[PDB]
Amino acid sequence: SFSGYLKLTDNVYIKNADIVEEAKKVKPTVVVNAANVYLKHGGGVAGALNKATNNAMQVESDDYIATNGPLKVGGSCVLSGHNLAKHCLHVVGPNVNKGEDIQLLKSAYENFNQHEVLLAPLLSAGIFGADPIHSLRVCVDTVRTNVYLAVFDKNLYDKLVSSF
Ligand SMILES: O=C(N[C@H](C(=O)O)c1ccc2c(c1)CCO2)c1ncnc2[nH]ccc12
């Protein structure tokens, strides 16, 4: 049900799209959220996905943290996808704006290998402060399962394709 994606490798595909609109159209088994360790979904991809769920993602996430404590940077958890997907895989990439180690970006993408197919953003890009060209290279060199990457910004999408 994914359509309009450019093939980068055997298993990695990319499109200039809003991940919320893509999730509402496709209703994938797994949508990846660019989470933080507290699952506080304020801005970027996380804020946008949570708003689309009418805040149900944040209510579920607060119950998960009250039971389990915070995630690790490079870690993940599987929660409901609400009206966007069967499941949401909340993955914590390092936030360079908060001083976190960029080497944890490969550990963050390894979480994707537990799922056959995923709709995802580029981890640690955008407001997390890492170079998106580096994030796409770590994705293609780490993930072995089928990943459909949605890049919201048109100008960044064009730069990622021409420099790949
Ligand atoms: O990475 C950028 N955008 C992506 C995207 O468009 O999907 C994006 C945006 C938000 C976000 C994530 C990724 C993951 C956490 O929230 C981006 N766009 C515009 N100017 C920029 N300068 C440096 C990077 C950058």
# chains A, B, ... in the order shown; residues from 1 in each chain; ligands from 1
call {"tool": "select_by_dssp", "arguments": {"residues": "region 11-120 of chain A", "states": "alpha helix (DSSP H)", "output": "JSON, numbers by chain"}}
result
{"A": [19, 20, 21, 22, 23, 24, 25, 26, 44, 45, 46, 47, 48, 49, 50, 51, 52, 56, 57, 58, 59, 60, 61, 62, 63, 64, 65, 66, 67, 68, 104, 105, 106, 107, 108, 109, 110]}
call {"tool": "residues_near_ligand", "arguments": {"ligand": "ligand 1", "cutoff": "7 Å", "atoms": "only C-alpha atoms and all ligand atoms", "output": "list in words"}}
result
residues 34, 43, 44, 45, 46, 121, 122, 123, 124, 125, 126, 127, 128, 129, 131, 132, 150, 151, 152, 153 and 156 of chain A
call {"tool": "residues_around", "arguments": {"residues": "residue 25 (chain A)", "least_positions_apart": "5", "cutoff": "12 Å", "atoms": "only C-alpha atoms", "output": "number ranges by chain"}}
result
A: 1-3, 17-20, 83-85, 119
call {"tool": "select_by_dssp", "arguments": {"residues": "region 37-94 of chain A", "states": "strand (DSSP E)", "output": "MDAnalysis selection string"}}
result
chainID A and resid 76:80 87:91
call {"tool": "closest_residue", "arguments": {"among": "A:73, A:149, A:157, A:144", "to": "residue 10 (chain A)", "atoms": "only C-alpha atoms"}}
result
A:144
